[PDB]
Each structure stands twice: as structure tokens, then as C-alpha cells.
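Undergrad: I have a structure I would like to understand better, so I am pasting it below and will then ask my questions one at a time.
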2 protein chains.
Amino acid sequence: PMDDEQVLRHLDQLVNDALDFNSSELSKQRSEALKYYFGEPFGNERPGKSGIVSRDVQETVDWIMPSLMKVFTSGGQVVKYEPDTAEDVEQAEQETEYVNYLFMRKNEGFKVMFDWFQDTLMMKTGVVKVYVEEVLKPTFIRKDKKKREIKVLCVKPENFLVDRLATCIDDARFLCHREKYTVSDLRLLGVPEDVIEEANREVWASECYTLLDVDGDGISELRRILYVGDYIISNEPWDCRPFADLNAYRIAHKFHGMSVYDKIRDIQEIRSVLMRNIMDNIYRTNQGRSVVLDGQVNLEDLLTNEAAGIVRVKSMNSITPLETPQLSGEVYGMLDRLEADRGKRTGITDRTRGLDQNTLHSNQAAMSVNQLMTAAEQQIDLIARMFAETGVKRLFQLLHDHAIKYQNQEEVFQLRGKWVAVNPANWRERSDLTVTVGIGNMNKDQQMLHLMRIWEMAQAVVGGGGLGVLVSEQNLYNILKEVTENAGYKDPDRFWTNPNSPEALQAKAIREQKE
Amino acid sequence: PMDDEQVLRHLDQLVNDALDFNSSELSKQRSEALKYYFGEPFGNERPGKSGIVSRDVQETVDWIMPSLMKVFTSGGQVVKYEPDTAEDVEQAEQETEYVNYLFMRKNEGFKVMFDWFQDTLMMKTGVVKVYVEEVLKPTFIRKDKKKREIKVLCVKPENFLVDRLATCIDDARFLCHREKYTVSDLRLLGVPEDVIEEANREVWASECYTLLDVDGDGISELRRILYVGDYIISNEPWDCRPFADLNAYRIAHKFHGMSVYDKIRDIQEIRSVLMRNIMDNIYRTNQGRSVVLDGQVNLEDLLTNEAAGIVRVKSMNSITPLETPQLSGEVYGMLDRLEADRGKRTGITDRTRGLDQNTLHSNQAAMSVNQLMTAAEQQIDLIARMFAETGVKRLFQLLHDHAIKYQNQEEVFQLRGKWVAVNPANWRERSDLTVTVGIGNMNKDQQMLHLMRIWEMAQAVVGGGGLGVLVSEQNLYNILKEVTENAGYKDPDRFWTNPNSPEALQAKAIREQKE
């Protein structure tokens, strides 16, 4: 109750414990993963022997990434809102397009997404941070005064201290983010002096989000602490934690899931060892092994690698050359099956290429039954599913950060017009069904089903019954509209519009009826 | 506060530190990469033995380049602007076409692009510089006076000193560019004397971009310093750093990403060693290995390579010829799989040739499912995506440097007419979606989907319902306009225009109605 200095030492103790545990465990694991990625020697390499390391996780990551970026960083259809039925187009589409328009094309593009995906695929956990800034450009043309802009950035997860007893973002009692916050930022804040650590002195700082009770009452809400160096700090009650913390594999109830390294390290070790053995056997067979006596053949055949062929002995005549058998063809098959198993584990793409010109293509029905059930239920779809289910948290965080206060700014969603984004509703609910393992039909198959099935059905309806009783031009407009949606030229470039418009009235009730 | 000379020594210290660190680390890495590229010996070659070096990064780079040139140096559709809806054609198309027309066909062509791609694939980072000139030709025909022309150029990245704590272009506190700026340029500037270092004395100069506080206040904005030789300098507050610093692989939060060499050096080493071993084994088997005594067979078989067949000994009769086994066909498989793995890493194009004449071609739907999902999610697409998202910064830099003040010059975009380029808007937003991993359908697939699908859809609409209520002639003109867009004869060579034009009035209300 009424704590002002003991909170500083308590936070310092918590930060020190987090540093020790996180550093030891996660730094060890991530250093192992990074050394595995860059083909660093494992430590068992022998002097005077090749240190051949078969990079195996590099290709795995480089083939996981393009699928995820194709399925995510293409359009703003990743997440919907689905509000109450009558009021949907008023805000749900507007708010979804707004959060898409500010996450993409407004916040460093998808570069943050690339760094986030590297963090979640390499450091076993990828997390970003959402904060605000202020634009005060005194240009008296584009006088954008008092622009409290929202920015999202990756946090270099080595500086993402958090207690282990969370198992979720909204379950931790303490989160620490280590930043620099150089002397320029401190001077802007207003502190008069410096700490132990030219104006810029590369000082270190930290930010703490934790729930406590400093008002002499029960446990209060979240508090943000600008604990830099045990000095003038910024303590303030907060509302929500702006973090996303992917894990990319969703292990049982522990916070940090495994990474690609954690499940392909054995494959990489086996492949590297076998490659070293193969090339060592080749080198030994070419160089040759022989037993020589002491006192004769002192020249050790001049390393036996001299391009002369003359050995010379002294006086001894025998020399015992031992034979090292050459490895059979089974090892080639072992490498082939090792690569096949590595692919089967996560990168089920086979050779990641389609340069088989002799092969042909044939479809029986439903577009080769959905390309053989999406290449037999690719794990990539599940990975994207959970990636989207966790980015729902980021999208909600940005929606809240706009609903508090951003600006009177507008969008370009197929037509001009968007009011101030400070009075939407949160809707407390999001949906990402249109991406992945759910209904989530990929555009190339969703459009095939849609076009073929529904179009032939509609043609049969028009020919047989009539567009009056059954589907009319109003719904035929949608039949074209999602087709153009899959084509990408949705509203303005190919109108087809005719919902109920003044031009539609002339087109329909003048020439089509009085003809 | 009020610093006029300590800034010189501070900048000198920063430049010296950057020189030391950048030189050591990056110069070592780039020298290794360059030696690997030109097939230079690795240092482990033995005297009197073949120094065969199997070049592997050469073909990789020579296959990466053409895809980049095809996807970038073809048309001005790489980057759009997407402004507010109502005012789009007024400036967005105009400004986009202007920046394309000034970067291309006006500034050295794409040679800058070629050098940029070599720099970003060779030295782990490719960066260009954008500056302004002043052409004052007194040709009193083409009186081109006050030609504040903007020019871009690659900067030979060995002269791009920058601190390591940036991790981004607009995050470094200090950027240094080393130039020559010979005595002619110094005399033009107005300095009276020379430095330690014929009129031309190949003098050395440097340009510094860094934020400081020299006005006795808080840390100010960026300053440009003409720090040449610790002499008369040109200090001035600046606005934006004109660099783009491609990295081509987007490693985790460090400035310099890895290059092709950093991931194919192991493959090159393995292939070179294995080829050397193979040819050494062949040469040894042809030459042969035999053991001879001392004092007899002193002629060492005349190096055993004489085309005579007569050996001669002395008086002994034994001779011990040892047998070196010949390499089996398993090494054939090792070479094949090594080439396959080198391709699968980045150069996923298999032999880059389609002279398999016995092969055929067949399609089930969606044009062989989009050439099998773009050859199974080509890494080239992701590389082009990141290049576009990084060159967006360069395009914005050019737009700013032109919108500040350039000239009253015009364009040839499908028609004459373009006003002065000093009053556009920056729009603070760019889009490169029409190229790459996003919706971004490559022209051959976009055109197939668009043309085919939309064409049977429109024909069915016209036959069944009618062009009146549904899609009209205006939207059919858009259909044909994008069809020709995919072909390159867009507006004038095949008009089809009829949007609403003086000829369109007679086309509609005279022939089509009174027939």
C-alpha cells in the first residue's frame, strides 16, 4: 500500500530474474539455432579434416516463407469482423479496410512481417510492439499538425523479457522490453541528469508492463513503467499489452513453442555427418592408406599426394598397403531418403519446382478434386491458420489503438469517403476464416468452384425457368462480383454494378421493357 | 552547445571508426566473395598439382540477373501511388509515369539497375545515391537554362561507410560517402588551397550525413558536411538521406543481409574439392604408382610418364607397383546431387533450358494451375518482392527531390501534356503490388485469367441477359483496354476507345439506335 520506491526494487529483481533465466535458456537455444542456420561448425570437426556442414534448415525456412507471404501479404481479406447483421458495411468493412490500409502501405510495408516471420521461425517466438508517435511538421502546404500516428515494429526478441508462467500473452504478470532510448529521447522526456550507461551516449533503457497494487487497495490494472536506470521513471495505468508473440507450432500449455531448428537439427546433423564421411572416404581412397616400417620410407611418400608416383624406401622391400573399401551405392539411397524425410517433416514440397515437361495435366472433376485435397492437407495451411489466429490479437490491438484516438483520416476503398476513426466499435470479435484450413478455399479453387458450378447452374435456371422467379440481375451482379473479386478488378475498373442506380433505371425500365 | 570545430574532430573519429570496422569485416567478406566468383584459388591448392576451381556462384548470379531484369526493366508499372479516390488520374498516373520516364530513358537507362543488382548480390548490399546537378548550356535553339537535373548512380559500395547500429537506412546517426571530387570540382566550389592528398591531383573527399546539435539546443535534424580533408567544409541542414541500400535477403535485425556467396561458398568448396579429387584420381591411374628401391631404378621411370614403355632397373627384378582403386559411379551420383542441391538452394531453374523436344504440354484448368503455382513458389518472386519494397524508398526519394523544385517539363504518356513538377503531393504512400508475391499476377497468368474468364462471362451476359442492364460498352472498353495492356499496344495503337467521345455520340445515338 502506497508504494513509490519498493516498486523500483521489486521490478529490478523481477527484471534480473528474467534476464538470468531468459538469457541462459532461450539464448542457448537461439544461439544453437542461429549457428545451425549459418552452417557453423558443430564443434566435432577434426583438425586437418574437412569441416563440411550441410546447411539443411536454410532451404526449409526459405521455402516456408514464400507460401506464408503469398497467403498473407496479398490483399486485405485476411481478417473480417462479422458484426450485427444490419450494420455491417457501415463500419466492419470500413474498419477492416482501415486497419489493412494502416498496417500495409502505411507502416514500413510488410518488412515488419518478414522480420516477424524470421523471429517466429528462428528464435522460436516472434513478437512485435505497437506504439504511438506525434507528427508536428510546420509546413505552412501539408500542415499535418498533431498526428498521433500508430507504428508497429519488431522488437528483436532478445529484448523481450517475460516470465515463464504465462503460456499466453494475456496471462503474464510481468513483461519487459529492453530498448536504447538514447540521451536525445531522455532530454525530450525532461530528465536533467544521466546514469552510469558527445550528447548521444548510447544509454540503455527498459519498459515494464505489469499489474500491481500501489494505491493502497486491491490489485489494480496494468501499469506501464519507464524503468531506465533506477531514475526518474514514467509510471502510468494502462489498458492492454501491445504484443503478438507467435510460436509457429503450438506445443502444449507452455509459452514458447518449438521452431524449425528444434525438429530438423537431427536431420541436419545426420546429413552433415554423412556428407563428411562420404567425402572423407573419397579423399582416403584417392590418397590411399599404407603401412610403412620405422627407419624406412622416412619421406612418408612425400605425403603420398605428390604427382610423381615414385615412393622410395631405403632397403625394405615389402611395404604393407591396407585397403579401405569404397562405399557402396546404398549410401546414395540413404541420402535420397534423408532428403525425402526432411521434406516430409515440414517442407513437403518435392524439389520445389515444376520443370517436368514430359508430365501432363488432367482433371476428372472439381479441379482434380481440389488439386488432390490441397496436395494432401499441407502443413503450410495449418501454420498459416495459427499465424492468422495469433495476428488477430495484433489486429484487435491496432483497432483499439485507433478507437482511442487517431485522426480524421480517410481511405481509398473502391470509393472516396471515410469519417474519423475515433468512434467505431471494437466488436470484441474477429474472423480469419477466408485464408486457411477452415472453409478458407484458396482463390484458385474457390473461384473454380464458384464460376463453374454456380455459372452453369445459373445458365440452366435462365434457360429453363426464368430470371424472374429465380435468380435475377441483382444477384447475377454478385455472381459476377465475386468472380471479379477473384480476378482482382473488383468495383471501379469493371463496374457491372446495377444494384439500383439511376443509369440502371434507364437501362432496364426504358429499353429492356418497352422494346 | 555552439560547436564549430569539435564537430570536425567528432566526425573524423566517427569516420575512422567506421573505416576500421567496415574495412575489416565487410572488406574481408567481399574480398572472399569476389575471389570465389572469379574462380580464384582458395589457398589449399598444392604445388605440382592441378588448381581446378569449379565456379558455382557465377552461373547462380547469371541466372538471378535475367529474371530481375525481366520483372523490373520492362514498363513503368512496377510501382503505383494509390491516392485519394477522386483525384487519381490528375497526378498519380502523371507522377508515376514521370518518375519512370526520368529514371528510365533519362538517367543512364537501367545500367544503374545492373550495377545495383551486382552490388546487392556481390558485396551483400547494393546502394545508390540520388543527387542534383545544374546544366547551363548557353545554346541561344535549346536554351536549357537552370536545369536542376536529378541524377542517380551506384556508389561502388566500398565507399559507403556507415555505422553498424542502423539496421535500416533511416536509422543511422551517421552516413559517409567517399568520393574523389577532383581539383576541378574544388576550384568550382571556391576553396583557395589544397590538402595533403598538373591541375588534377586525384584528391580524395567525403560527404557526411548526420544529426547533431550545433545551435546550442536539443539535437537538431540531419546536417550535410563536405568533410574533404579537414578543410573548408559545406555545412547545411538537410531533409532526407538519398540512399536505398538493397540487401537482397532480409536477414534479422542487422543492416547488412547475407549474399549468394554467403550461402553457396560451401557448395563451391565441396564441388571444387570433389572435381579436383576426381581428376587427380584419373591422372594418378593413368600415370600409375609404383614402389622402387634406393640405388636402383634411379631414373624414377623417367617420371613414369614417358611414352616409351621401357623402365630399366639396374640388377634387381622385383619392383612393388601399388594399386590405386578407381572411383566408382557413386561419385557420379554425388556430383549430380550436389548440382541438384545447389539449384534447389536459390538457382531453382533446372538447367534453364527447355530443349526436351519429346516432351509435350497439356492443361486441365487455370493454365496448368498457374504453371504449378509459379514453379512451386519461386524464391525469385520473393527476391523481386523485397527489391520492389526497398526501391519504393528510392522512388519516394526521387519524387521528393523533384517535387521540391525541378522544372516545367512534360511527358509522352499516351498523349502530350504534363505541367510543372514542383506542385505534386508526396502522398506518403507507394504500392508495388502489381509485380510480385502479392496479388501481383505475372502478366502471362493475369492475362490468361482475365481474358479467358471475363470473356466467356461477358459473352454469356450479352447473349442471355443483355448489355443494357448488365455490363455495357464502356466496361467492355475496359475489358479490351486491359487485354491490350497485357500486350503493350495500350491506348493509341488500338483505340477501341468509345468511353464518351464526340465520335461516340454518333456511334451510339445514330447508327446503333436508328438502324
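Undergrad: Just want to confirm a number: the relative contact order over region A:276-323, from Cα pairs under 8 angstrom separated by 6+ residues, in percent.
TA: For region A:276-323, the relative contact order is 46 percent.
Undergrad: Right, here's the next one. Let's test the formula: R0 of 30 Å, r as the Cβ-Cβ distance of B:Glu32 and B:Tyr283. What FRET efficiency results, to the nearest 0.05? Walk me through the numbers before you get to the answer.
TA: Working: r = 29 Å, r/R0 = 0.97.
For B:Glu32 and B:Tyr283, the calculated efficiency is 0.55.
Undergrad: Measuring from label point to label point, each 7 Å out along Cα→Cβ, what is the A:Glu25 to B:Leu153 span in nm?
TA: 5.7
Undergrad: If you wrap a convex hull around the alpha carbons of region B:393-510, what volume per residue comes out, as a whole number of Å³? Mind dumping the intermediate values first?
TA: On the way: hull volume 19.8 nm³, N = 118.
Cα convex hull per residue, to the nearest whole number: 168 Å³.
Undergrad: Cut-off is 10 Å between beta-carbons; in what order do A:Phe38, A:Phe243 appear when sorted fewest neighbours first?
TA: On the way: A:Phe38 15, A:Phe243 21.
Least to most surrounded, the residues fall as A:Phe38, A:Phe243.
Undergrad: Can you run the Rg to Rh ratio on region B:200-329? Use alpha carbon positions and the Kirkwood inverse-distance Rh. Don't jump to the answer; show the numbers that get you there.
TA: Working: Rg = 33.9 Å, Rh = 23.1 Å.
Radius of gyration over Kirkwood radius for region B:200-329 works out to 1.47.
Undergrad: With label points built 7 Å along Cα→Cβ from the Cα atoms of A:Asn235 and B:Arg351, find their separation and express it in nm.
TA: The answer from the label model is 7.4 nm.
Undergrad: Kindly state, as a whole number, the per residue volume in cubic angstrom of the convex hull around the alpha carbon atoms of region A:276-346. Write out the running numbers ahead of the final one.
TA: Details: hull volume 8.0 nm³, N = 71.
Taking only Cα atoms, region A:276-346 has a hull volume of 113 Å³ per residue.
Undergrad: Turning to a different aspect of this structure: How much net charge surrounds B:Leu165 when only the other residues with a Cβ under 10 Å from the Cβ of B:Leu165 are counted, with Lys and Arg +1 and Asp and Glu -1?
TA: On the way: positive: A:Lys180, B:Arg164, B:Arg173, B:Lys254; negative: A:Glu202, B:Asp163, B:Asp171.
Value of the local net charge: +1.
Undergrad: Next question. For an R0 of 35 angstrom, estimate the FRET efficiency from the Cβ-Cβ distance between B:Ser220 and B:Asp194 and round to the nearest 0.05. Please report the intermediate quantities before stating the final value.
TA: On the way: r = 32 Å, r/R0 = 0.91.
E(calc), rounded to 0.05, equals 0.65.
Undergrad: From the Cα gyration tensor of region B:123-204, with a ≥ b ≥ c the square roots of its eigenvalues, which class applies: rounded if a/c is under 1.5, or else prolate if a/b is larger than b/c, or else oblate? Could you put the intermediate results ahead of the total?
TA: Numbers: a/c = 2.66, a/b = 1.40, b/c = 1.90.
Note, shape of region B:123-204 comes out oblate.
Undergrad: So for region A:294-368, taking the charge dipole from beta-carbon charges (+1 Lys/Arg, -1 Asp/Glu), which of A:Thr304, A:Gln326, A:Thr346 sits furthest toward the positive end?
TA: It is A:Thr346.
Undergrad: Still on this structure: Filter the trypsin sites (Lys or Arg not before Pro) in region B:272-322 to those in DSSP coil with at most 16 other Cβ atoms within 10 Å of their Cβ, and list the result.
TA: Values: sites: B:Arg276, B:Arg284, B:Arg289, B:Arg312, B:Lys314; in loops: B:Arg289, B:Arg312, B:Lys314.
Counting only loop positions with at most 16 other Cβ atoms within 10 Å, the trypsin sites (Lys or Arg not before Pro) in region B:272-322 are B:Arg312, B:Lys314.
Undergrad: Please grab the % of Cα pairs in chain A that end up more than 40 Å from each other. Walk me through the numbers on the way to the answer.
TA: Details: 61411 of 132355 pairs.
Counting every Cα pair in chain A, those more than 40 Å apart make up 46 percent.
Undergrad: On to the next question. Where in region A:487-503 is the amide nitrogen less than 15 Å from a point lying 7 Å along the Cα-to-Cβ axis of A:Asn441?
TA: Hits in region A:487-503 for A:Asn441 at 15 Å: A:487.
Undergrad: Calculated from DSSP H runs of 4 or more alone, at -39500 (n - 2.57) each and per residue, what is the 222 nm mean residue ellipticity of chain B, nearest 500? Don't skip to the end; give the middle numbers.
TA: Numbers: 14 runs with 191 residues, N = 515.
Value at 222 nm, helices only: -12000 deg cm²/dmol.
Undergrad: A further question follows. How would you rank A:149-162, B:463-476, highest first, on the average number of other Cβ atoms within 10 Å across their residues? Each step should come with its number before you reach the end.
TA: On the way: A:149-162: 19.9, B:463-476: 16.8.
Final packing ranking: A:149-162, B:463-476.
Undergrad: While we're here: Considering all projection directions equally, how large on average is the shadow of the alpha-carbon convex hull of region B:151-192, in square nanometres?
TA: Numbers: hull surface 17.9 nm².
Average of the hull's projected areas for region B:151-192 equals 4.5 nm².
Undergrad: By counting other Cβ atoms within 10 Å of each Cβ, how are B:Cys168, B:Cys240 ranked from fewest to most?
TA: Values: B:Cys168 12, B:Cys240 16.
With the sparsest Cβ surroundings first, the list reads B:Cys168, B:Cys240.
Undergrad: Here's another thing I want to ask about it. In a Debye calculation with equal point scatterers on the alpha-carbon sites of region B:339-403 and no solvent, what is log10 I(q)/I(0) at q = 0.16 Å⁻¹?
TA: Listed by q, the Debye log ratios stand at -0.77.
Undergrad: Along the Cα→Cβ direction, 7 angstrom out, place labels at B:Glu93 and A:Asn475. What is the inter-label distance in nm?
TA: 3.7
Undergrad: Could you give the distance between the Cα centres of region B:228-262 and region B:328-357, to the whole Å?
TA: 37
Undergrad: Hey, what's the Kirkwood Rh for the protein assembly as shown if you take every pair of different alpha carbons, in angstrom? Don't skip to the answer; put the middle values down first.
TA: Values: mean 1/r = 0.0294 Å⁻¹.
Radius from the Kirkwood sum: 34.0 Å.
Undergrad: Still on this model: What's the ranking of A:304-311, A:453-460 by average number of surrounding C-beta atoms within 10 Å, highest first? Could the numbers behind the result be given before it?
TA: Numbers: A:304-311: 17.1, A:453-460: 13.5.
Answer by packing, highest mean first, reads A:304-311, A:453-460.
Undergrad: Cβ neighbours within 10 Å, averaged per peptide: list A:380-386, B:199-205, A:25-31 in order, most packed at the top.
TA: On the way: A:380-386: 19.6, B:199-205: 12.7, A:25-31: 14.4.
Peptide ranking by packing, descending: A:380-386, A:25-31, B:199-205.
Undergrad: Starting at 0 and stepping by 10 Å, how many percent of the alpha carbon pairs of region A:14-68 end up in each bin?
TA: 20, 32, 28, 18, 2
Undergrad: For region A:269-419, would you read off the P(r) tail past 23 Å as a percentage of all alpha carbon pairs? It would help to have the intermediate numbers written out before the result.
TA: Details: 8099 of 11325 pairs.
Of all Cα-Cα distances in region A:269-419, 72 percent exceed 23 Å.
Undergrad: Let me ask something additional. Considering every residue in B:248-258, what mean count of other chain Cβ atoms within 10 Å of its Cβ is obtained?
TA: Working: counts 0, 1, 6, 5, 12, 9, 1, 0, 0, 0, 2.
Taking the mean over all residues of the peptide, I get 3.
Undergrad: Calculate the mean, over all residues of peptide B:318-326, of how many other protein chain Cβ atoms lie within 10 angstrom of the residue's Cβ.
TA: Numbers: counts 1, 1, 6, 2, 7, 3, 6, 7, 3.
So the per-residue partner count for this stretch is 4.
Undergrad: What is region B:381-446 by shape, rounded, prolate or oblate, if you read a ≥ b ≥ c off the alpha carbon gyration tensor as root eigenvalues and call it rounded for a/c under 1.5, prolate for a/b larger than b/c, and oblate otherwise? Write down the numbers at each step before the final one.
TA: Details: a/c = 3.28, a/b = 1.67, b/c = 1.96.
Oblate is the answer for region B:381-446, as a/c is 1.5 or above yet b/c matches or exceeds a/b.
Undergrad: Give me the percent relative contact order of region B:407-515, please, defined on Cα pairs under 8 angstrom at least 6 residues apart.
TA: Details: 57 pairs, mean separation 17.1, N = 109.
Relative contact order, region B:407-515: 16 percent.
Undergrad: Does region A:1-116 come out rounded, prolate or oblate, given a ≥ b ≥ c as the square roots of the eigenvalues of its C-alpha gyration tensor, rounded meaning a/c under 1.5 and, failing that, prolate meaning a/b above b/c? Please list the in-between numbers first.
TA: Numbers: a/c = 4.00, a/b = 1.30, b/c = 3.07.
Cα axes put region A:1-116 in the oblate bin.
Undergrad: Hey, what's the Cα Rg ratio for region A:97-170 versus the globular rule of thumb, 2.2 N^0.38 Å? Don't skip to the end; give the middle numbers.
TA: Numbers: Rg = 16.0 Å, N = 74, 2.2 N^0.38 = 11.3 Å.
My calculation over the Cα atoms of region A:97-170 gives 1.42.
Undergrad: Between A:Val422 and A:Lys490, what's the calculated FRET efficiency when r is the beta-carbon distance and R0 is 25 Å? Round to 0.05.
TA: On the way: r = 28 Å, r/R0 = 1.13.
E(calc), rounded to 0.05, equals 0.35.
Undergrad: Which residues does the label zone of A:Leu274 cover in region A:323-359, counting backbone N under 11 Å from a point 7 Å along Cα→Cβ?
TA: Flagged as within label range: A:330-342.
Undergrad: Suppose every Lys and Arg Cβ carries +1 and every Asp and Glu Cβ carries -1, with no other charges. What dipole size does region B:1-44 come out with about its Cα centre, to the nearest 20 debye? Write down the numbers at each step before the final one.
TA: Details: 4 positive and 9 negative charges, 82 e Å.
For this selection, approximately 400 debye.
Undergrad: Continuing with this model, one more query. What does the structure give for B:380-386 when I average, per residue, the other chain Cβ atoms found within 10 Å of the residue Cβ?
TA: Mean number of neighbouring Cβ atoms from other chains: 3.
Counting neighbours? That spans all protein chains shown, and the Cβs are built from the backbone with ideal geometry, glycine included. Bear in mind that the values in this text are calculations on the coordinates, not laboratory data.
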